[PDB]
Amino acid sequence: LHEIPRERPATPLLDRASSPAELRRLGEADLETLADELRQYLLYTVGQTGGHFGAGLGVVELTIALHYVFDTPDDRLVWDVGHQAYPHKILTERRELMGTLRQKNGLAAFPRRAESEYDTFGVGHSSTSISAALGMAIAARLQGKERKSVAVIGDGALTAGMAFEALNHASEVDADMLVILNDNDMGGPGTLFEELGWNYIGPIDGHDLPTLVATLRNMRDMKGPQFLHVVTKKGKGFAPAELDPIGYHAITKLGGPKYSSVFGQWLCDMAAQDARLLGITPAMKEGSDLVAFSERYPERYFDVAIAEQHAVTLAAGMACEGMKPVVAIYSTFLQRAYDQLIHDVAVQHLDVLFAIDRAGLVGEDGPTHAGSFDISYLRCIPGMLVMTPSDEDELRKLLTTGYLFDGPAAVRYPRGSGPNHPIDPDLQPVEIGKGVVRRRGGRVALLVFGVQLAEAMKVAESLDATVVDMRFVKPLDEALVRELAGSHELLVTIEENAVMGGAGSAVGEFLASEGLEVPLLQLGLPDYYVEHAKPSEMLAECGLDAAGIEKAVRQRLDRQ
């Protein structure tokens, strides 16, 4: 197919495969035609809603084979990451709900246990599928159940350390489970997995349904750790995607620069000025936007695969020799290198900059990818310099400030673009520990840590509030907070991070320790997992738009 349908294709057989037992009723002769229907409805429905695209086109036949040959949902099927799982959803009672994909109150971006009994594990972060399936298998065995346990994992996901840990452990307990390797990013692998204790079969053609069905059949009942190697084509069945798998990894349905592009430009600009700079990403070159950097400074660019943990200790090692590494990494994925950041960087006070993207609410990918916690989990770590730029110009300057600082520094910023203010093309740092009064008013002061500043300024128009662009969580601008506490009736902290442990709480700690008893209102993300929606809707829910902030401030003021 060469152009995505705009009208609901006719799929009479797929309308008979609404669920795995219904599908299993059909005969193998129909499976190939079913795959044409499925592929077609998928291209259609993702045209309607936008979403992940090329990877699910790659697993159409594999997903049909899997539900054909296995007794789902009693047989446990774990999809790694989940971006490839739209065919799975279409085949598990959610075909007609696909119109809701990634809309508020609609189907989630990934498999989700609460969404369907056919989803055994909520995924999004990669590489968790083997560990989870092994755990389900260890339990089924003790329970004397006879269910099967299958993980479909891609070749990128397999570069992650936890996947190695799971494969080793599965061998240790001689677990009866199947790992299917959906190899698409394409010489001689079998002996490796055999050395790890896994029975290796393959590689087989992942769009050759009769061979998939038969091979799956023989392996369904084999015992112990089984490893099937399947090969697929990303975007299979859609030429524009087969030829551009990067750009068709996700499609939007039929302003200023992105913060990540501001970072990428700062990265090239500093590299041109300082040969010490090294750029590190764990398999997120496009998203963190190291693209130009990687083309212009190839010998100083490191893609460590999906190995967040090694990315960080690697950088500690580089800094030991006087190089200046910059680890580009999303807030949600830095969760996975927390120990390397604490033990290998911060404990040694090594000179490493973390450029933390996707900080705050990330929109439709939902809570598995939210950057809700990095202020809280980093600021309790001694030695960290922790920064929250408010716009594009501030991101450029605080990156420069952290880079030049001799020690560990973190700069957090959101997905998407900003208020599109002017960016100074100089590369100069700003004073560490100092906020910027953006607005002198009275009565109530808004202490903003990050990109809600523009909403705070709108609120302060009507309330004539003081507004501060705090810039630093740690070290906090203690002298400004102390003056503001002595001259206002209310301090209001604002952040796109958990309130619990977050930046407002550092203000709170500082007020308590000096016995300053001024009222404090902490605005931030609440203590729950925010359901997927447009970014603007998640922020409105969390009260971090101008109307939410104004309502909270006015209420607190009316109560004292």
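All residue numbers refer to positions in the sequence shown, first residue = 1.
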Using what the record says, work out whether there is a hole in the model between residue 186 and residue 187 and how many deposited residues it spans (none, 1 to 3, 4 to 9, 10 or more). 10 or more
With respect to the deposited sequence, how many residues separating residue 254 from residue 255 are not represented by coordinates: none, 1 to 3, 4 to 9, or 10 or more? 10 or more
Entry B factor averaged over C-alpha atoms, 436-444 against 169-177: higher for 169-177
Of 209-217 and 356-364, the stretch with the higher mean C-alpha B-factor in the deposited entry is 209-217
Maximum C-alpha temperature factor per the entry, among 313, 288, 182, 348, belongs to which one? 182
Quick one: which of 300, 89, 412, 343 shows the highest Cα temperature factor in the PDB entry? 89
For residue 469, the third of its chain into which the C-alpha B factor falls: lowest
Cα B factor band for residue 40 (lowest, middle or highest third within the chain): highest
Within this chain's modelled residues, let me know which third the CA B factor of residue 60 belongs to: lowest, middle or highest. highest
What third of its chain, lowest, middle or highest, does the C-alpha temperature factor of residue 13 fall into? highest
Would you check the entry's CA temperature factor for residue 139 and let me know if it's in the chain's lowest, middle or highest third? middle
